[PDB]
Amino acid sequence: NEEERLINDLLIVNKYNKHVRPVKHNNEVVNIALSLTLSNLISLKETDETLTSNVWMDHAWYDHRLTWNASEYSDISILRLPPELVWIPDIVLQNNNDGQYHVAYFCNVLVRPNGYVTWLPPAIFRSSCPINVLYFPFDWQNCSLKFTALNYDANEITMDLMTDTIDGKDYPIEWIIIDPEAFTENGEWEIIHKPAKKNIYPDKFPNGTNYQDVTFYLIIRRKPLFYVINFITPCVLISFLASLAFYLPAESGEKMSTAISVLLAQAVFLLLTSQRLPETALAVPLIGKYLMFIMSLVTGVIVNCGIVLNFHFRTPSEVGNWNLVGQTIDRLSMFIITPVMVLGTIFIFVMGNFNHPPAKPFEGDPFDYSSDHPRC
Amino acid sequence: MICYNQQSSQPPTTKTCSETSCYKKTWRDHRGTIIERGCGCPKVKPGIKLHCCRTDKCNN
Amino acid sequence: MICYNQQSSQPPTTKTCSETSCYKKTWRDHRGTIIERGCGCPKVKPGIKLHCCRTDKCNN
Amino acid sequence: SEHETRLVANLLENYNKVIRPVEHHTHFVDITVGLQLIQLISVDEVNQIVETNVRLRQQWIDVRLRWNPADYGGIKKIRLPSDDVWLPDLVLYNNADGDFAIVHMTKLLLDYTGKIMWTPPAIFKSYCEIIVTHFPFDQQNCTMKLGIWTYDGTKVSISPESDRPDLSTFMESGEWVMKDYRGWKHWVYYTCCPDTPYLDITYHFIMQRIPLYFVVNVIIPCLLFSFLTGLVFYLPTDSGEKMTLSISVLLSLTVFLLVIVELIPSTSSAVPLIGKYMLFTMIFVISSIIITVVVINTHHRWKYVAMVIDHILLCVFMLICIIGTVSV
Amino acid sequence: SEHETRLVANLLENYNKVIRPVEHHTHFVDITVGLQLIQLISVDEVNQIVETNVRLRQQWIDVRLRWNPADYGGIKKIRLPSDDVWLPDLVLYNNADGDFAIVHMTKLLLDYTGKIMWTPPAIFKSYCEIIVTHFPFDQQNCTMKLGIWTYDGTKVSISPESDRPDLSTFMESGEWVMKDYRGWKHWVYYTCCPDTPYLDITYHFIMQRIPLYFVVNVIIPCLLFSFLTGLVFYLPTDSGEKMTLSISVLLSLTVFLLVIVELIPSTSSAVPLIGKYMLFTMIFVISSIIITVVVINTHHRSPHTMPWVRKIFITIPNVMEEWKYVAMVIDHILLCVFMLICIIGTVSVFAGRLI
Amino acid sequence: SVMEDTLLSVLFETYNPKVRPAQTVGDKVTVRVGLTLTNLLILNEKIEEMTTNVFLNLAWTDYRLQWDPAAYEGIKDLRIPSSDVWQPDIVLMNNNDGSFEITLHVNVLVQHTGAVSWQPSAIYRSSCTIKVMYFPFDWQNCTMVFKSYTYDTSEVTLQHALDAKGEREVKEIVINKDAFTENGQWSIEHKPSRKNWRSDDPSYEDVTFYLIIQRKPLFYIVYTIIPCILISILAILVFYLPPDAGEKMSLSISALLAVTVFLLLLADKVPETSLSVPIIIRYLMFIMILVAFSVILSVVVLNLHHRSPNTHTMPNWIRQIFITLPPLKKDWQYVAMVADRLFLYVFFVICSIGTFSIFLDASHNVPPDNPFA
Amino acid sequence: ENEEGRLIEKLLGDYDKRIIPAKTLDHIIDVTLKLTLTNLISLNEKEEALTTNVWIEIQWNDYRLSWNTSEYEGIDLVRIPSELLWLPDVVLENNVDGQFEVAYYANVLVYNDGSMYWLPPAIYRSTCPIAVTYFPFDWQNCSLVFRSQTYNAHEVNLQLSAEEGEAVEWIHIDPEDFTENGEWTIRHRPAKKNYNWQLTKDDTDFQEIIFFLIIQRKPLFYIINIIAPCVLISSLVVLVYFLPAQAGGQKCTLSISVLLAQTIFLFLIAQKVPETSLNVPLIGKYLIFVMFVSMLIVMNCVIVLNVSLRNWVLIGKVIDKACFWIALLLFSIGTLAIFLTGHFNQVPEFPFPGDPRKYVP
Ligand SMILES: *[C@@H]1O[C@H](CO)[C@@H](O[C@@H]2O[C@H](CO)[C@@H](O[C@@H]3O[C@H](CO[C@H]4O[C@H](CO[C@H]5O[C@H](CO)[C@@H](O)[C@H](O)[C@@H]5O)[C@@H](O)[C@H](O)[C@@H]4O)[C@@H](O)[C@H](O)[C@H]3NC(C)=O)[C@H](O)[C@H]2NC(C)=O)[C@H](O)[C@H]1NC(C)=O
Ligand SMILES: *[C@@H]1O[C@H](CO)[C@@H](O[C@@H]2O[C@H](CO)[C@@H](O)[C@H](O)[C@H]2NC(C)=O)[C@H](O)[C@H]1NC(C)=O
Ligand SMILES: *[C@@H]1O[C@H](CO)[C@@H](O[C@@H]2O[C@H](CO)[C@@H](O)[C@H](O)[C@H]2NC(C)=O)[C@H](O)[C@H]1NC(C)=O
Ligand SMILES: *[C@@H]1O[C@H](CO)[C@@H](O)[C@H](O)[C@H]1NC(C)=O
């Protein structure tokens, strides 16, 4: 096996040091190209604002020390070496809830005779990303994974993007690579935009670990089916019953029961929705706005039908006149308030339903960052 | 109906089938690009291009 | 009255108290057999054998 | 044994676990991969993750670990640790949040001809495509995909030892039944490289959910409230208990909706039979409330027409409740 | 420092960390173990575990780690990592689900005479003994047992550093208050082994729960429900309204049962005071249901004729349509007796552990 | 490069990271401790714990790692892995869990003069007392203390970190605006830093970083205050209903059941600390007691309404007082109505005054301008 | 000078921890192990996992680690750390998580003749299916399977420890330093060596040592918070037969409110019952039955109201009185039979039904 001789010459005979970056002189930079393959989106449960996702982050850099003449040995074109024997540029996810900064599996690398090293270690990342609940559950979340090189500054290594070839020309991979056959869509979240960007901050200096950044954005829109079946429809129907409670005669003194019981069902729905969202105070959720609007309206319903009941049971110390007065005020109140409730619910739930993402990430950039139409 | 049943850039290979359609399926994964050839043309996941065809040996 | 206050197989020792009874509490743990001796005798958890004895020097 | 000590010393004097064990780098190391199912830890429908307890049976031949038994007292098997020999890095291609490779060492058996038998355990959290359409009477056909992560087909080739996984020591899950289970080996070629095969093995298990927990917990009370709500129409309007009974069964249905929504999976991929039946019951109750409010309005406006309307509504809603609970 | 580098190189040349530091094998290593309670992290009753953040401080002398300060320039204290010297293996005997030994190393302090000063931290999930009988007015006395695992008394001897645990830097728990903390050492001999003592050190902390969360979240609503359920008897039967009030206060109390069982620990060793009170209140409300039902049945009786009933119910009014009057008298009698029962039961259930 | 390898071999020929640097016996190593707060993850009060992602600035001068750049191809600084260089055990002391040491071990940066820098990231979970008596309208101090676990003031001397352009020290938690995400329910008003000693312990010194953060209660305000206001409106309305409707108890006890439902809702989200009662729980109990008194007084109203001369005889005192306040059964309904109106006015006064007082008490809670740190 | 240093340096010199200690071929290392339960931490039915803190002791013989006590200052017992010696890879196979090995790697006590005494404490998340048929009045039969992870029956011989000449075929319990779990009480605790006859002498799964734990739940928390409140509240549906059948008689709201309280109890029991779909829990059966009883109550109230407000009221009262006894008898016999079936479920007085031995010291 010529592999024995090749490895011994590369690592031991030449005195390979894995703690020194591969440059000829200590003024050149190491060009490190990154990609990101999203194996699957596990969940984005909103209580802790975690984006847990299995990703396949791919590296590619040049190591002049890991080079050899193929013809001198047997025709060995590809070589494999564990990471703990070769210089591995450790880039970490800067934003993550847990303490996992590196990749999950430190898999074997591939090195060519020219020194081109490629590393694709799988990783499970639980990043921290804020959630705007303003248009819940019809909301789209725009939160990303931020990768930075904390071991070397931008003066020593540079985090570029992977470049591939289609017609002899190189174009950067400016998106998260998704395997259309293998990828199965998440049961709650739909991926709309997957842009990738390299960030340079002119505020800080190149001789610093926080001058360069590579960010893999993920704009995903929730599928509003569970909530429109178990939260929206029954609440709307019981609100409709609250509105219809005015069409009940006051002779049977049992209208208060219907109104207050509908309000209590509203309280139960509030209980249910209170444990589905984070305690974020940036903006009131659309479910929260709708629920408080409808409960205020139901309280107004209760107060108004209480006024009707008090007017109905008036006495001189003729009763038909009071009964007709109560019926007239009840009909007038119904005609006033039922359209208000119907229009309010329709307006709220078409305002929420009209929340498509802007179809263009980075609003000040005409590029759509889609794999179908690359840049170069 | 005769059409190629090979995959990617293998040497050409044909098979006989009763369907009147023959398809070429192309998509890219984390490593490279895959071309799949066969008879008929069924539904595919989003992001995959397909080439439903009706004549003999047209999914080259 | 006088009982024995030794434990396990220690050299014999004697003690006097206001109770007119002795005891010898023997139980097995993961390392050996333990014997506890004194005067009187209390209630014990299941699995322990007692020798509640009213005479003198009877818990040997 | 001093003889086995001599084996362990001599075999590892000049052994590199970094380098794959082949006579010439052109050749390939053949590996027979086998799976042995033990139990299903859980099946997470909302997260689309299936967690299982398996041990991965791997067999392959090492050319640098041969010896003559007659030269060493007649022994023919040793138990070298995993971290002392070369290992194929078999990983899950569809891992959700588990460990991609195997993190248990479990010293491997090594024959005198070079054959190596490794059986380390693992907790495979494979990503599972959950189809909530006939829940709970649903079938799951989600798999686990295995393959060599860094080596390709012409370097390291994996073959299934049997056409189906091993379930001779399977433990009954209690809510899942295996109708079928097989294993397939896939050849995939890339346009980069016409003669570089890439091999993987997918072990797919067919699972039937046992529909008893959700039936006695979610199905019985839905039918229960549904049969209640059509019964209010037989009450006379004279007693002031019509709205009370109707709205109170509605409120009990709301609390039941609460227990369902905290019980059934929250996945939004598709509405299941549970969701359809819950919606049907909810619509039934709402329509009952509206029409019986109209009934009271007819009464306090007429008694005979109100009563005959009530009987007709009772018959119609019994009929539609029966057909709805039978169809779903 | 070059002197300290030379000293470290000299000390760790022939040193072996798998041999206890005694001049002769018959000797024993003398160790003084002491604890520092930093905080009481949590006490869960259902799993019967107490978890706290401590750092056990132990001292011993290592003869073969001594040196002459005058030779090495005058250094008297050095800071070897704990991974390369001999360490006693103190093991929490009543560990529930934590770590038996420690996992943090936290390099020790070594003196020129061989004395070792090592204070590593550890979170002890020590098994507790929970008595839920006066909960939430409960006092717990569960311990924290430490001892050498593999060695015995004649080979490795441990003694407490101080008669009490160190609580100088113990922050307030916020839901527990500590009466007493104490440290005891026990010798145990086996029927084997007539002159082989086995040593351990047991630290116990008397913990009393601060009863303000449960009183104002779990007990006051119970008091309100108990007061309200007996008040339906003042509401006249003429309105069809006794039933709704009583059954709805029962339903509200059922929802409060849901929340109380969501809050109260689910241990089943014994019925707690809160559990006894809620069971009492359940029985009280149910009895009110039956009594209200029989009163309503009495009210709407009508001619069967009214019997001695009018003889006592029409003498009772003298010491303070006929069916309505007797129902009213019965309702006031029951309201009075039910208020009395409610107040005496409330006093008696919490009588004790508060007096 | 080859020259970097030569320099690394020369520097680490006789250097061990287990020896504290000291020119002379008894010298002190001045370690500068700083902190950049990337984001404030959570401050859940159920377990009395705050989780933060921070970069922990360190800077100490190690004499052994100094060289002449003129003889090494003009190289001024090197990136050496943190395990190959001595570092002080600067760890978090008031950590709720057992994680004392920094999570991420980034390689150190050493200049040719011996100066060493370290910016290791960590996910620190520190324990901090929660002053839950104005909850949720409260601000938390929630300190965070850093010190060298093994070295004391006789071996190291902790100091404050230096800014980017280093002439003056920074005495506060600096934030990189490029990498920072607001929590969404907490706002960082004050973020001072101060070194602490103890008179009883002359061998003690730490660097402490505080976070005077005031909660944004909009979620709690809406989800509890608004339904509680509606419940109070129902409880004040139930009087205005006529007794003849025979439905006062339905509304009253439904409101009480609702407020118990919100008690169930909030019992999950309130901390289980017995030091004091928060404002929100006191408000919930005030509303519940108000509804209970509404139920009792409405029972009294119904009892006075249904009384009849054949069963009850009007006393003289109620006749004069209830027929006094307005400025044979018909007298009973009239007294019932007058008592009802009196109860309505009384509960209006009580509810309005109590709610306004509670909200004013919980609204005048503002963190001080000077954090006293 | 501590001569234990001389012994350690002599013994561990030219000692390989990856070698079976067999003297020659056909030598099987007889491994004797006994289990000492310290704490039964918990048993959650949702995950079907049993958590216990156990101190398993392992004894075996190593000919390479024997010396002559006469020439080493008369010492015969030495403590060697476990990571420097060969150990039999005995692991708990039936674990929900991946914690096969022990928690604390304690020192190994070597003797003069090469004997071994290893007592590593461990915490195990062992698995055991839950028999929910008689919940909560149920007894669980949970097991702990120990077998060698690597060596087969031709290399090691697992067996129970022998004390005083009699094998300890039980899990040792310290009678004076043991406290009950507080929800589970331990009735039986046998231990027996088991063979997998479907599998040959090789393949590492032939032999095993199984430590059983037959434990019965203490149903005091469930009775006072779920069972008794449910039966007390739903005993109220029979009182609808004494209320008048008119406006204000107000039977329907009582029936429906008791039913809604039973629904709230269904929610409450939802967090306690496990997800096993093999058998319906006994309390679940009782809950379904009692909701059906309330259903008959509601329907009967409906017909009583219809008859009393049509026909004539007295015949409605006759129907009411006649059906009150039927409903009361039905509810009483149903609840009594269900709770008698639950109570009569007791642990069998034999650990193994066919085995006459008691399996207890
Ligand atoms: C708690 O659960 C445990 C297990 O979950 C219960 O323990 C069970 O108790 C049963 C009652 O005693 C046991 O049944 C008895 O098993 C033994 C042994 O069975 C094994 O050997 C059989 C015979 O093999 C020989 O013959 C074959 C044919 O010639 C040969 O091919 C072979 O090489 C052997 O030479 C074999 O057929 C079988 O498959 C087993 O491998 C039998 O001898 C008894 O007849 C069984 N019945 C009785 C009444 O004794 C059962 O084995 C045992 N399980 C385990 C895993 O040990 C325990 O009872 C439960 N506690 C309760 C309910 O309180
Ligand atoms: C998704 O979020 C990212 C980052 O939060 C946005 O990118 C930045 O947006 C701001 C807001 O206008 C710009 O000032 C920046 O120039 C953008 N880029 C960077 C690198 O910060 C992005 O616009 C968001 N997209 C959508 C559709 O919301
Ligand atoms: C936050 O807490 C710290 C300490 O926990 C407070 O710092 C103390 O402030 C007082 C008042 O100036 C000093 O007398 C003490 O010496 C300080 N230190 C200690 C340890 O008590 C700080 O004032 C608190 N912040 C606020 C806003 O109250
Ligand atoms: C980084 O470069 C700037 C630019 O002049 C300089 O001011 C600063 O001191 C440098 N920092 C270091 C650590 O060399």
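The record names cryo-EM as the way this model was obtained, at a resolution of 3.15 Å.

1. Some thoughts on the overall build of chain G
On a plain count of helices and strands, chain G comes out with 5 helices and 17 strands. Relative to the compact-globule value of 21 Å for 361 residues, chain G shows a C-alpha radius of gyration of 31 Å, a clear excess of over 25%. By principal-axis analysis of the C-alpha atoms, chain G measures approximately 110 × 45 × 35 Å. The burial tally for chain G puts 62% of its 361 residues in the buried class. Here chain G has roughly 14,100 Å² of accessible surface; of this, 57% comes from carbon and sulfur atoms. Computed over 26 positive and 41 negative side-chain charges, the inter-centroid distance for chain G is 15 Å.

2. Quick notes on the sheet that holds strand 12 (residues 156-160) of chain E
All names here are of chain E. With mixed pairing, 6 strands are arranged side by side in an open sheet as 5-7-8-4-1-12. Because the sheet does not close on itself, it has two edges, and the strands there are strand 5 (77-78) and strand 12. Across 3 bridges, strand 1 (residues 29-34) lies against strand 4 (residues 57-61) in antiparallel orientation. Within strand 4, the position partnered with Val 33 by the bridge is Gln 58.

3. Brief notes about the interface of chain A and chain F
By convention, interface size is frequently given as the accessible area that disappears when the constituent parts associate. With 69 residues of chain A at the contact, the number on the chain F side is 57 residues. On the chain A side of the contact with chain F, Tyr 101, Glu 279 and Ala 281 of chain A bury the most area, a combined 12% of that side's loss. Across the pair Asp 153 of chain A and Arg 79 of chain F runs a salt bridge whose closest N-O atoms are separated by 3.9 Å. Applying the counting rule to chain A against chain F returns 15 residue pairs in polar contact. At the level of secondary structure, the elements contributing two or more residues to the side of chain A that touches chain F comprise helix 3 (255-274) and helix 4 (286-312) of chain A. Looking at the side of chain A that touches chain F residue by residue, the class counts come to 29 nonpolar, 25 polar and 15 charged.

4. Topic: the arrangement of the chains
One finds no contact between chain D and chain E; the C-alpha atoms of the two approach each other to within 10 Å at their closest. In this assembly chain D lies apart from chain F, the nearest approach of their C-alpha atoms being 11 Å.

5. Considering the site of ligand 4
Close contacts around ligand 4 come from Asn 207 of chain A together with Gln 111 and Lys 165 of chain F, and that covers them all. Neighbouring residues of ligand 4 are not confined to a single chain but are spread across chains A and F. At a separation of 2.4 Å, an oxygen atom of ligand 4 approaches a polar side-chain atom of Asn 207 of chain A. The separation between an oxygen atom of ligand 4 and a polar side-chain atom of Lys 165 of chain F is 3.3 Å. For ligand 4, the protein covers 41% of the area, taking 360 Å² as the surface of the free molecule.

6. Focus on the state of the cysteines
The final tally for this structure, using the stated rule, is 15 disulfides over all chains. Sulfur-sulfur distance for the disulfide between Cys 17 of chain C and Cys 39 of chain C comes to 2.0 Å. Note that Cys 17 of chain C is positioned in the loop between strand 2 (14-16) and strand 3 (22-28) and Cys 39 of chain C in strand 4 (residues 33-39), a separation of 22 residues in sequence. For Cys 17 of chain C, a relative accessible area of 23% translates into the label partly exposed. Numbered by order of appearance in the sequence, the disulfide-linked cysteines of chain E pair as 1-2, 3-4. The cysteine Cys 305 of chain A is free of any disulfide, with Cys 235 of chain A supplying the nearest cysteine sulfur at 18 Å. The class of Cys 305 of chain A is buried, set by a relative accessible area of 1%. This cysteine, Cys 336 of chain E, is not joined by any disulfide, and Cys 342 of chain E carries the nearest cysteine sulfur, 13 Å off. Judged by relative accessible area, which is 55%, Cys 336 of chain E ranks as exposed.

7. Regarding a nonpolar patch on the surface
A cluster of nonpolar residues, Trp 302, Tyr 304, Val 305, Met 307, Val 308 and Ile 309 of chain D, forms a patch on the protein surface that exposes about 580 Å² of accessible area. Mapped onto the elements, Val 305 of chain D comes out in helix 5 (residues 303-327).

8. Considering unusual backbone geometry
Along the chain, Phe 135 of chain D connects to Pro 136 of chain D via a cis peptide bond; the corresponding omega equals 0°. Tracing the backbone shows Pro 136 of chain D in the loop between strand 7 (121-127) and strand 8 (139-140). Following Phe 135 of chain E, the chain continues to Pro 136 of chain E via a peptide bond in cis, the omega torsion being 5°. Secondary-structure assignment places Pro 136 of chain E in the loop between strand 9 (121-127) and strand 10 (139-140). Positive phi values are uncommon outside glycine, yet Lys 57 of chain B reaches one of about 55°. Its place among the elements puts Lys 57 of chain B in the segment after strand 5 (49-50).

9. Points about the UniProt feature "transmembrane region" in chain E
Residues and elements named next belong to chain E. The positions that UniProt labels "transmembrane region" are, in the present scheme, residues 211-235, 243-261, 277-296 and 333-351. Each end of residues 211-235 is marked by a C-alpha atom, and these two atoms are 36 Å apart; helix forms 68% of the span and strand 0%. Its end C-alpha atoms 27 Å apart, residues 333-351 is made of 89% helix and 0% strand.

10. Quick notes on helix 2 (residues 213-229) of chain E
Residues and elements named next belong to chain E. Helix length check: helix 2 (17 residues) gives 24 Å between terminal C-alpha atoms against 24 Å at 1.5 Å per residue, within 8%. For helix 2, the principal kink sits at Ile 219 and spans about 35°; a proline, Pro 221, occurs within the next four residues. Taking burial as the measure, the 17 residues of helix 2 include 13 buried ones, the bulk of the element.

11. Remarks on the UniProt feature "disulfide bond" in chain G
All names here are of chain G. Per UniProt, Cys 128 and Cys 142 form a disulfide, and the coordinates bear that out, putting the sulfurs 2.0 Å apart. Taken together, the positions of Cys 128 in the loop between strand 7 (121-127) and strand 8 (139-142) and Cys 142 in strand 8 put the pair 14 residues apart, joining distant regions of the chain. The residues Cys 128 and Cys 142 share a single accessibility class, namely buried.

12. Section: the sheet that holds strand 15 (residues 212-216) of chain A
All names here are of chain A. Reading across the sheet, the 4 strands line up as 4-9-15-14 and stay open at both edges, with antiparallel pairing between neighbours. Edge positions in the sheet fall to strand 4 (92-93) and strand 14 (196-200), since each of these pairs with one other strand and no more. For strand 9 (residues 145-148) and strand 15, the ladder comprises 3 bridges, and the chain directions are antiparallel. Of the residues in strand 15, the one forming a bridge with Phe 147 is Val 214.

Conventions we followed
Residues numbered from 1 in each chain as written, not as in the entry; some residues may be left out. Chains lettered and ligands numbered in written order. Heavy atoms only, no water. Helix = DSSP H or I, 4+ residues; strand = E, 2+ residues; numbered from the N terminus. Rg over C-alpha atoms; globule rule 2.2 N^0.38 Å. Buried < 20%, exposed > 50% of the residue type's maximum accessible area, 1.4 Å probe, protein only. Areas by Shrake-Rupley, 256 points an atom, 1.4 Å probe, with all protein chains shown as cover. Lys, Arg positive; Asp, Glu negative; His and termini not counted. Charge placed at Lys NZ, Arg CZ, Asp CG, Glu CD. Pairing = 2+ DSSP bridges. Contact = heavy atoms within 4.5 Å. Buried area = accessible area lost by both parts, 1.4 Å probe. Salt bridge = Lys/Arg side-chain N within 4 Å of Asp/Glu carboxyl O. Polar contact = N/O pair within 3.5 Å; in protein donor to acceptor, adjacent residues only side chain to side chain. Nonpolar A, V, L, I, M, F, W, Y, C, P; charged D, E, K, R; others polar. Near = heavy atom within 4 Å. Disulfide = S-S within 2.5 Å. Patch = residues over 30% accessible without salt bridge, like charges linked within 9 Å, V, L, I, M, F, W, Y side chains within 5 Å. UniProt positions renumbered as here; feature names shortened; annotations may be inferred. Expected span 1.5 Å × (residues − 1). Bend = angle between axes of the 7 residues up to and from the residue.

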